[PDB]
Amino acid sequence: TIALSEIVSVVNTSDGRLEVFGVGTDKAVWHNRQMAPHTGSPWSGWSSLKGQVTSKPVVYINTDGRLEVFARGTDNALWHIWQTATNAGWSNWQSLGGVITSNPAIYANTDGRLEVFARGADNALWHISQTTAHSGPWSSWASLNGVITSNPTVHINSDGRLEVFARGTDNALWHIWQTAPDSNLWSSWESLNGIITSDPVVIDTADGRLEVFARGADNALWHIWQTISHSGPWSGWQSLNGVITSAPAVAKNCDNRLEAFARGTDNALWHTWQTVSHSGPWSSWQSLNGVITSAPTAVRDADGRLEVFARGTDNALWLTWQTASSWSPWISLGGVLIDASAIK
């Protein structure tokens, strides 16, 4: 097991609007969209993209601006659905085959080819990619081996090499990387040690370093980073303290200051932020109240403000966002959302 997961995936679209994707009580993927590219825009309300899924659905934006949603099907294959043109109609659901046992994780290579990562039937890391920029057809499936016990997360280094993070059978954070951008040649697996009790969360800092966050054995929020832009040595593990009861979420403020969010022991949303600037020391933890039943999902909107989403006690998706002074009151976006994560 791992800490409680995020309930939605979110994207800031090609036209600057937030769109959130989750799973309904009918096992379809539903989505909810800002009308306008601003903090506090009205929302569409929940709308179904149909299908029947058995993982968290994960939205990604192609390099031509088209949204694409990936999810495990009822046959355990990887399935996907995409906008046929930027901000336009959706394709039918289509299978990418395989047999997967985690949520999918997606990134664009430097050549615009989406690459998708998931755990396999064998508990190894597997991957598949677009054969040309922002387009099918897709490659055959292949394995990066290893044996992993969390959902994988992928990011891109500031030199263009993809890098994947996952928990190992010893509960340490492990990782593996492309040897060159767009490459099919990957490193050996390497351990970054620690004991982690959530999915890892990875972000790129303003200064080009990968930084990984995860709940520890003591239920504190911990992090570890590349000390040099796209390069080792990594730092030691460092504690940001707290006691958290979900996976964390991390986003960059307007000024690049990292900010981490998680559910607290009182089930409120809590957060801690870098102070002064993006190189800065982290603040003490502070509560944003509420009573939540998922990990939070954080994202920076087109006004440069953080917006945080979490499921509530009524199973609706609730929302709060940064204002000048403070944070806004929690508001409900309604709906009934379930946690369909393929690893819990």
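Each form is matched to the other, and the largest set of C-alpha atoms that superpose within 1.5 Å is called the rigid core. Counting begins at 1, following the sequence as shown.
> Hey, after superposing on the core, which one moves around more in 9 other deposited structures of this protein, 239-247 or 81-89, CA-wise?
The more displaced stretch in 9 other deposited structures of this protein turns out to be 81-89.
> Taking only the CA atoms, which stretch has the higher mean B-factor in the record, 169-177 or 111-119?
The entry gives the higher C-alpha B-factor average to 169-177.
> Per the entry, where is the mean C-alpha temperature factor higher: 280-288 or 295-303?
Between 280-288 and 295-303, it is 280-288.
> Report the option among 126, 234, 213, 82 whose CA atom has the maximum B-factor in the deposited record.
The C-alpha B-factor peaks, among 126, 234, 213, 82, at 234.
> Based on the PDB record, which member of 103, 76, 130, 157 exhibits the highest Cα temperature factor?
Across 103, 76, 130, 157, the entry lists the biggest C-alpha B-factor for 76.
> Could you tell me which third, lowest, middle or highest, the C-alpha B-factor of residue 186 occupies within its chain?
According to the entry, residue 186 has a C-alpha B-factor in the chain's middle third.
> In terms of the chain's CA B-factor thirds, is residue 313 lowest, middle or highest?
Highest third of the chain for residue 313's C-alpha B-factor.
> Among the modelled residues of its chain, does the C-alpha B-factor of residue 331 lie in the lowest, middle or highest third?
Residue 331: CA B-factor falls in the highest third of its chain.
> Name the third of the chain's ranked CA B-factors that contains residue 273, choosing lowest, middle or highest.
Its C-alpha B-factor, which the entry lists for residue 273, ranks in the highest third among residues of this chain.
> Sort the modelled residues of this chain by their C-alpha B factor and say whether residue 241 lands in the lowest, middle or highest third.
It belongs to the highest third of the chain when residues are ordered by C-alpha B-factor.
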